[PDB]
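Quick reminder, even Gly has a Cβ in these numbers, built from the backbone with ideal geometry, and neighbours come from all protein chains shown. Every number here is computed from the coordinates shown, using simple stated rules; none is lab data.
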Amino acid sequence: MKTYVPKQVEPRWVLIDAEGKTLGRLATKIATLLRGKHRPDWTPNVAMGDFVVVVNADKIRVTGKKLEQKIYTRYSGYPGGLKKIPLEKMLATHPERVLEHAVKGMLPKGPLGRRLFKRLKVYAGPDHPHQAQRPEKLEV
Amino acid sequence: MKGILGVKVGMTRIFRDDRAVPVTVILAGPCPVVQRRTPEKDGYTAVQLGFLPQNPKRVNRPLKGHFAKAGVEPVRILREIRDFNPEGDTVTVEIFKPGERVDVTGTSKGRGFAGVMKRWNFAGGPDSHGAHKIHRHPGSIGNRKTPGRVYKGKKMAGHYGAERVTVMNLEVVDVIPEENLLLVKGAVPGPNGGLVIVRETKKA
Amino acid sequence: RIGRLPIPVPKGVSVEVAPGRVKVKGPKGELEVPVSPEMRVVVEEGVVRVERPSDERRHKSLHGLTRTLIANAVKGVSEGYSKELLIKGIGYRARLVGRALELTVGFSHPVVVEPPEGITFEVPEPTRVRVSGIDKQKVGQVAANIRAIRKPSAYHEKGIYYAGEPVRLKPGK
Amino acid sequence: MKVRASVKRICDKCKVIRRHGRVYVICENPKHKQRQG
Amino acid sequence: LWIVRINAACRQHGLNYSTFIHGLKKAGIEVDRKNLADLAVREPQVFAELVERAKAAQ
RNA sequence: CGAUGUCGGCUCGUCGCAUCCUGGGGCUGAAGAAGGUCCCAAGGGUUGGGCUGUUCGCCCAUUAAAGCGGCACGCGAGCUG
RNA sequence: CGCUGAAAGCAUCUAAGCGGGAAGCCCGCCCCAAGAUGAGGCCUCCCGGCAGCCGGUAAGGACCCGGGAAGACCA
Ligand SMILES: [Zn+2]
């Protein structure tokens, strides 16, 4: 009686309003849905988590002074290539990259993880090009 | 931002107010417009210029259709002036005028696989006092075990030149409309006949 | 003894509470007070007040500041605010030019000030200057910039002074 | 602005204020003006 | 894996893993993580009954 | 210790700031100018020469200044010895 | 360095706020750049025998020269 393995099924799109929700918490729930660890037929070695589309990602909120005390930093490989970025600046430039980053930090590394993040779809503002995909709304 | 294609015909000094101001001569016009980058259609605003004309038997079908979409003659080279909406159908030197500051861009004279001195002006080593076979080598390139590597962009050998280059804020010494010639103070990147592009300078 | 204090609301003053903001239209003009949602507004004819929902530091703080700010507002649209500055130093003076203000206190060129929205630059003299308008803070910000232009001197009474600004300069040579 | 770690009142007009989280000894006397650090 | 799948199926009925385990333990049932998981994937109604006795344990 | 080549110079840098100049500011026993001190600040610069193997230092003439340090007291499968 | 300002009747640059403020940081200037596998966007051109398969093929390209301020080769 081997443990059950599921059949490769059509992942179900899900819409999520990032507006008002806390950054870390909402990103967490995004990670949970994206891993598909909500499904009883879960399996680790297979990407069967649901595609996710989030709207109003710019509307994300953050407790405390993280707007300016949180510094998304990056690296070029060049000497002095440590590019620091305050959170606010990252908002005005690329709000979606914030959530995409804070969720990338919450997914398992390795190729399965990358395909998971590729199953992610952040969109600042309200809209998204996925009406044909039927992104179901799901409060979190 | 006005700008015209052109070709470097050579350098020369002229006498403007008892001053042998050296200049370069640039056959710029006549540049016909072939397509206009509109933001609703191309995400931004710019134009596309043809210079010089091309033998029709030397043009693939796709390019030919690209010209027939306009009313333009088949042209050898085609480029874009970013953020420039010429009203007329052919940009010429008329947009420019003497004294106007411009910025010119062209491919520098490609100096092949250039050594490290010629490419980065390193000092090399001495020519006597026992320097063994390192007269033009760059000496050390890094540190010992920490970090035990070589940083990105460490100045080494490679192709010096042969790249896009923009010398800026030059002066339009004179315009020659009937010839479509342009006399710009200072030197221009690229060999004689090398394609170049002139634009309004971004300075102030 | 300050958020405790009631804010008497004498007409002509329109007071209208929306969540987090009040709305007061007086004869001088109109404005809104950003308000602490934790704080409460006693919108009463003749006097409107503020109430701290607790007694924490944050609610006597926001209570007092809310009260002072509101009363400053109704004082604003009602009778506005004004501030005078005494340009001093020999030859240093000013004079209006259109809306903006000319002012010369000894540079390689005189200096002009643009009056933001309204900010009145009354020029009673070239020595003294007035700046008024609905707003209390904005007035003090504009005139603040003014005295920031050519501040008072340490060794001379040669420079911009606030109306009532004393001058305690140390001696010199 | 006397910067130091032992910011303290010097005169009675030496008045302490925790501005921007730091502790500043603001006083009418310019010399007593102190910043803790 | 068993705790994962079981935890998912249980959360689809309101309670979490620890609550369900505590219930069945209190409910005097000895079925293990493997068979619980296989029920939750195969017998949503039977596993549903297990959750029934689970919250029944409270 | 069946090898991690050791001072110095050269070449090439990169980095920290406990900042030498350049930027901003506070206080002054800050009249002005020039300063002192401290604060924020590492973008750029930080000369040439005589002596000495020297680093260091002194000196010479300057300079806005002629910074201090880490990088195996950087760098010998890069050089010299 | 400030305006407004309560806690704390006063004052307070701060705690709600708003502002000024440097060779500093971001942009701005030039250069590279869609392997940006998130591989982007626009224009133009092309159209069957046995998710494919094969076919000559379309557009087009390549090889082959003759060269080139392009170049080690390649490009
Ligand atoms: Zn004092």
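Among the residues in the range A:39-60, are any surrounded by 11 or more Cβ atoms within 10 Å (Cβ to Cβ), away from chain E (no Cβ under 14 Å) and of a type in the set (S, T, Y)?
No - not one qualifying residue is present in the range A:39-60.
Restricting to the range D:1-11, count the residues that are surrounded by fewer than 13 Cβ atoms within 10 Å (Cβ to Cβ), away from RNA strand G (no atom under 12 Å from the Cβ) and of a type in the set (A, V, I, L, M, F, W, C).
The total comes to 2.
Please return the ranges of helices (runs of 4 or more DSSP H) entirely within the range E:1-51 where 1 or more residues are within 12 Å of chain A (Cβ to nearest Cβ), closer than 22 Å to A:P44 by Cα and hydrophobic (A, V, I, L, M, F, W, C). Steps first, please.
On the way: elements: E:2-11, E:17-26, E:33-42.
In the range E:1-51, E:2-11, E:33-42 are the helices (runs of 4 or more DSSP H) which contain 1 or more residues that are within 12 Å of chain A (Cβ to nearest Cβ), closer than 22 Å to A:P44 by Cα and hydrophobic (A, V, I, L, M, F, W, C).
Where residues in the range C:66-91 are assigned to a loop (DSSP other than H, G, I, E, B) and away from RNA strand F (no atom under 16 Å from the Cβ), which of them is surrounded by the fewest Cβ atoms within 10 Å (Cβ to Cβ)? First the steps, then the outcome.
The first filter runs over the range C:66-91 and keeps only residues assigned to a loop (DSSP other than H, G, I, E, B), leaving C:80, C:87-91.
Narrowing further to those that are away from RNA strand F (no atom under 16 Å from the Cβ): C:80, C:87, C:91.
Numbers: C:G80: 19, C:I87: 24, C:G91: 10.
My answer is C:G91.
Hand me the list of helices (runs of 4 or more DSSP H) wholly inside the range A:25-140 holding 1 or more residues that are within 28 Å of E:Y17 (Cβ to Cβ) and within 12 Å of the chain's Cα centre (by Cα).
The qualifying helices (runs of 4 or more DSSP H) are A:95-104, A:111-118.
Out of the range B:125-156, which residues are of a type in the set (G, A, S), out of contact with any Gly (no Cβ under 6 Å at 6 or more places or on another chain) and surrounded by 10 or more Cβ atoms within 10 Å (Cβ to Cβ)? Quick ask: steps written out before the conclusion?
Going through the range B:125-156, the residues of a type in the set (G, A, S) turn out to be B:125, B:128, B:130-131, B:139-140, B:142, B:148, B:153.
From what's left, out of contact with any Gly (no Cβ under 6 Å at 6 or more places or on another chain): B:125, B:128, B:130, B:139-140, B:142, B:148, B:153.
Matches in the range B:125-156: B:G125, B:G139, B:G142, B:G153.
Give the number of residues within the range B:24-49 that are within 19 Å of B:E178 (Cα to Cα) and part of a strand (DSSP E or B).
Of the residues in the range B:24-49, 6 are within 19 Å of B:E178 (Cα to Cα) and part of a strand (DSSP E or B).
Does the range C:145-173 hold any residues that are surrounded by 14 or more Cβ atoms within 10 Å (Cβ to Cβ) and either outside any loop (DSSP other than H, G, I, E, B) or within 16 Å of the ligand (Cβ to nearest atom) (or both), and which are they?
Listed by number, the residues that qualify are C:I146, C:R147, C:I149, C:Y162.
When the range B:110-124 is examined, which residues are found to be surrounded by 12 or more Cβ atoms within 10 Å (Cβ to Cβ) and near RNA strand F (Cβ under 6 Å from one of its atoms)?
Scanning the range B:110-124 gives a single hit, B:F122.
Scan the range D:12-37 for residues that are more than 12 Å from RNA strand F (Cβ to nearest atom) and either surrounded by 12 or more Cβ atoms within 10 Å (Cβ to Cβ) or within 14 Å of chain C (Cβ to nearest Cβ) (or both) and report the count.
Looking only at that region, the number is 6.
Step by step: first the residues of the range B:137-168, then only those that are of a type in the set (S, T, N, Q) and more than 9 Å from RNA strand G (Cβ to nearest atom), then the one that is nearest to the other protein chains (Cβ to nearest Cβ). Which residue is that?
For the range B:137-168, the residue satisfying everything is B:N143.
Give the range B:150-177 a look and list any residue that's more than 23 Å from the chain's Cα centre (by Cα) and aromatic (F, W, Y), or say none.
B:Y151
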